[PDB]
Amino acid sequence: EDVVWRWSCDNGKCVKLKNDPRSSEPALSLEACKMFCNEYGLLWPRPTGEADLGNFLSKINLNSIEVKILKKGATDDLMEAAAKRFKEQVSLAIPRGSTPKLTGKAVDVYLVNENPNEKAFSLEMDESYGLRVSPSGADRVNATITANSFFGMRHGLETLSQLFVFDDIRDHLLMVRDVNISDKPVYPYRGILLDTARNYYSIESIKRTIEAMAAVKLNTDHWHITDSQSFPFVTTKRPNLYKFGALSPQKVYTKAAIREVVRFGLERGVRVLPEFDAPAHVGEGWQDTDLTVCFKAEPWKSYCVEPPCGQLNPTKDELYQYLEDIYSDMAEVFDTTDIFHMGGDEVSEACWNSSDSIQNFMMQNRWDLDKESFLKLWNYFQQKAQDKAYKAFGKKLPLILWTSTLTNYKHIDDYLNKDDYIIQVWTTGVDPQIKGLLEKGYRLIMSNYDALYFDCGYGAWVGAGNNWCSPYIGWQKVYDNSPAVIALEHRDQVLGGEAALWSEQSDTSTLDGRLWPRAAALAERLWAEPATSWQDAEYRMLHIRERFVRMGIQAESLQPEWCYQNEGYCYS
């Protein structure tokens, strides 16, 4: 069957009109109308520099797309892999069940990597790129991507793939004829936190996530790989941790699997950042070691935030031999990360107090048993754990901790320093802690629970009702949450943001809907920091959702497809 409608741009809105045969004007398909009716067309995220999309499209032979790398170097296999994936991303323009006519011009993609040896992740890496498309001769297209590193190069490959549209009226694959794009991100840390300990996530689902992250230029997969409920990380030096801590023998993450994920991410510009939360958020796996306290302590509401309770015992010297082995095994397989997340989630003082060995350790020292003295013990633990982390990675590298009582800006300088520790922020953007931390020079990663906790809104998992941070955070609230508004003058200290998917109520089955397309809103906010609000990005957000679905992502549905086909009629 054949498409019946056509679309025509009118005041920045594609209006659906009947495709009457008695017309001399060529019918426009829906996406062809959108590509030029919209200020930024079908691009997500919108570029930050020049965004010249011209006015016309060119028909393209899908089979005549060839990529040529002009500068060889150490990133040859990376550029070759990113070039091979480029054609699959072009086929994403075509709806499933439709076949384009193998007709039209040929495309020449010219990749220019100005530093073809650089392939390390760093907060200072250059993700910029230049993209220009123009006719070449009489039957060819010259698409030239120029970037200072491979990572910017494959960002430009991503943007180039979004410049293809499928004409489902005529079954023609089209491309923007004359493009001039210069682009670079506003923030260097654009991440997603995946909790794979409160519930297991298949390795295939994790790599599907990375695929969708690269599609919107997110670059950091924060792998919250352990917690109280399970220990799926296969640590070779301490094998009892995962053998006793895993939910099942197959719900683990082997060295080979992690190397797969890490390499999969590197090929797509995604740094895989591992976290070992400590000294709280520990439990299963540590049985028979006597290195924890209050594991499964009852009543749990007296001893921890959520069951099961359990914290490391920092007074045992053997603890830091365990941690050193854990970090070392992590550093072996997570060999592309430049940052290590050490958790620092809120420690329960009632739990540490209920241990005699801990109380004796503090009486033996010059400490009492008050709130201030358990801050002594926490900093005592963090100081030694930090030493082992440095040794394990064979290098002093940035460490991340959460906002907590340990990182309260009023006394954080007693324990940490702004050069060694990055602070991940879960508090709201109007919380005084953010201003105080910024004035002390600390660098921040924004994960405000009122706009970036992707677990909020569902039913309660203890008792009845809804979970603690309900209501559900729509993509509009994710888009409008701006770190520049939150940090103001200190915005350069903000390294970026990170959508947090805690997995008390999420696993392999719910992964796609939890993250997409809401994380794409965070992707544009962190890449472009637009002065405009979500309503200006609404039409493009609807398209990027459809693109996710085409990739095989079970993305959440935002609006009726009728609204997508009838821009302007769905408003409030």
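Note that residue numbering follows the sequence shown and begins at 1.
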Original post:
Out of 454-462 and 371-379, which one has CA B-factors that are higher on average in the deposited record?
Top reply: 371-379
Subject >> Per the entry, higher mean C-alpha B factor between 203-211 and 486-494 >> reply: 486-494
**OP:** Name the one of 123, 331, 280, 74 with the greatest CA B-factor according to the PDB entry.
**Re:** 74
Subject >> Most elevated Cα B-factor in the entry, residues 238, 395, 96, 255 >> reply: 96
**OP:** Sorting the chain's modelled residues by C-alpha B-factor, tell me whether residue 571 ends up in the lowest, middle or highest third.
**Re:** highest
Original post:
Comparing residue 224 with the other modelled residues of its chain, is its CA B-factor in the lowest, middle or highest third?
Top reply: lowest
Original post:
Hey, what third does residue 13 fall into on Cα B-factor, ranked over its chain?
Top reply: middle
Subject >> B-factor third for the C-alpha atom of residue 144 within its chain >> reply: highest
**OP:** Tell me, lowest, middle or highest third: where does the Cα B factor of residue 23 rank within its chain?
**Re:** highest
